[PDB]
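Written out below as structure tokens is the structure these notes cover.
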Amino acid sequence: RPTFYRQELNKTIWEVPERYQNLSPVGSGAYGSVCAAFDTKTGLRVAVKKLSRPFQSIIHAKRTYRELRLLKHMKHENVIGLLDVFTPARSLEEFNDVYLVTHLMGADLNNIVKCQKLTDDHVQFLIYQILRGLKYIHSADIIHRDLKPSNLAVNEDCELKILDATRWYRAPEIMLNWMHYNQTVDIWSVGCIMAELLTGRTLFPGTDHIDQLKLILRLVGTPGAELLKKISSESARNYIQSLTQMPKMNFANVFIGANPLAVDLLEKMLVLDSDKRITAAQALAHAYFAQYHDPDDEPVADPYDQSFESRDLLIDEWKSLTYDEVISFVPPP
Ligand SMILES: Nc1ccc2c(NCCc3cccs3)nc(-c3ccccc3)nc2c1
Ligand SMILES: Nc1ccc2c(NCCc3cccs3)nc(-c3ccccc3)nc2c1
């Protein structure tokens with residue numbers, strides 16, 4: 001129904017509704033390539049992502065369905081969402097390309113830090129938005145698992161969105177391949193991010209996988225008696241006992257000059273035991289965010305049906321389910 005036009009971008013033929021003008025490449029990768037554009041219907045600058053080989057295999061097809069289901073479900077100011085999704089195909093039989101459209105963001109978190117301290121007012125506002133979006137994501141029973149400055153976009157008014165080395169911000173239970181980690185692995189990442197904003201430097205800049213765990217234990221101490229009781233691995237538990245004990249450090253002496261409320265929040269985020277970590281909802285009520293907290297405007301998500309993750313289907317079945325989601329899409333107001 002919309003009039004499409006073809007154009008040569010990256011190494012391939014983009015077919016795109018005429019409402020999107022001035023297509024200009026921004027990136028590339030195994031799973032897709034992205035162009036910046038201008039949406040003449042809305043007047044917004046947008047990013048258009050063309051999925052790469054979306055139905056080449058069963059794995060690609062399930063990936064394409066997962067990515068579209070996820071981005072269609074996210075409707076929150078501090079999480080990336082869909083402005084549009086389209087295909088040049090007029091029927092399922094000729095359905096072979098998928099394009100996703102989102103609001104163009106000018107920079108990520110690295111771009112605003114630049115190895116410099118942010119003010120406490122600024123960190124308050126940025127971490128509040130991350131936690132606000134995290135509360136929404138976690139309420140849908142989703143775990144992000146890869147929170148880091150490059151996965152956090154910010155515009156010129158400092159409005160932040162969570163996007164779709166990484167080990168610097170990874171929770172220690174992931175580093176040790178524990179099977180049953182919970183949502184507070186993301187809270188660990190936010191603690192690492194917040195520390196970096198206040199100090200201007202990476203909190204745990206490990207040079208490899210084992211060095212990363214070494215730096216973490218030097219700050220938060222060796223596992224306590226109560227945490228060792230919950231470790232099922234006999235090899236892990238034995239190795240931990242053989243280590244020289246290290247005292248949990250006093251964050252107030254580590255982050256000198258910081259807001260004491262900021263230090264108290266970091267203490268509650270960077271706990272080794274993930275069962276004792278503050279949740280996103282609890283962190284929003286912390287006194288550190290007094291000037292931004294509003295419990296009437298920190299919404300949760302609708303329930304998100306993730307049962308498809310357990311399913312093994314054929315290429316054409318994932319493709320047809322993906323086609324259903326393209327057709328049923330409703331643009332936001
Ligand atoms: N971790 C990242 C990093 C970059 C990203 C990026 N391109 C950078 C320019 C941006 C456009 C919109 C938000 S950010 N774009 C998209 C994306 C674009 C369109 C549809 C779905 C996703 N995700 C990103 C995830
Ligand atoms: N209820 C909990 C809470 C936390 C846990 C945790 N956290 C990581 C603790 C350490 C991280 C680095 C050195 S010790 N790690 C493991 C675990 C680690 C290795 C093999 C099997 C399980 N279980 C946990 C269960």
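Residue numbers in this text run from 1 along the chain shown.
Structure determined by X-ray crystallography, 2.0 Å.
Positions of Cβ are set from backbone N, Cα and C atoms, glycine also.
For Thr12 (phosphothreonine), the same-chain residues that are 6 or more apart in sequence and have a Cβ closer than 8 Å to its Cβ are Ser33, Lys50. Under the three-state DSSP scheme, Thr12 (phosphothreonine) falls in the strand class. The annotation phosphothreonine is assigned in Swiss-Prot to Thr12 (among others).
Long-range Cβ neighbours of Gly32 (ATP binding site) (same chain, at least 6 residues apart, Cβ-Cβ under 8 Å): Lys49, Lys50, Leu51, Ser52. The ATP binding site feature in Swiss-Prot is assigned to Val26, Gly27, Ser28, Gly29, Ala30, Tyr31, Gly32, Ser33, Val34, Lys49.
Among the features that Swiss-Prot reports, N6-acetyllysine is placed at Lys49 (among others).
Annotated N6-acetyllysine per Swiss-Prot: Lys148 (among others), in sequence order. Under DSSP, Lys148 (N6-acetyllysine) is assigned to coil, being neither helix nor strand in the three-state scheme.
DSSP gives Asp164 (active site, proton acceptor) a coil state; it is part of no helix or strand. Swiss-Prot lists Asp164 with the feature active site, proton acceptor.
Look at Swiss-Prot and you will find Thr244 (among others) tagged as phosphothreonine, backed by a large-scale study or a structure entry. All chains included, 5 other C-beta atoms sit within 10 angstroms of the C-beta of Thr244 (phosphothreonine).
The phosphotyrosine annotation in Swiss-Prot covers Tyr304. Under the three-state DSSP scheme, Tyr304 (phosphotyrosine) falls in the coil class. Note: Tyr304 (phosphotyrosine) has non-local neighbours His73, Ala140, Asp141, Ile142, i.e. same-chain residues 6+ apart with C-beta under 8 A of its own C-beta.
In the structure as shown, the Cβ atom of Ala30 (ATP binding site) sits within 10 Å of 7 other Cβ atoms.
Taken over all pairs of the listed ATP-binding residues (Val26, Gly27, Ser28, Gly29, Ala30, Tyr31, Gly32, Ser33, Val34, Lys49), the Cα spread reaches a maximum of 14 Å, rounded to the nearest whole number.
Separating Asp164 and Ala165 are 15 residues for which the deposited structure gives no model; the Cα atoms of the pair are 16 angstrom apart.
DSSP assigns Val34 (ATP binding site) to a strand. Less than 6 Å separates the Cβ from ligand 1 in the case of none of the recorded positions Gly32, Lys148, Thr244. When Cα-Cα distances from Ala30 (ATP binding site) are compared across the recorded positions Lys148, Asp164, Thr244, the shortest belongs to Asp164.
Taking CA atoms as the reference points, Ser28 (ATP binding site) and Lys148 (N6-acetyllysine) are 20 Å apart.
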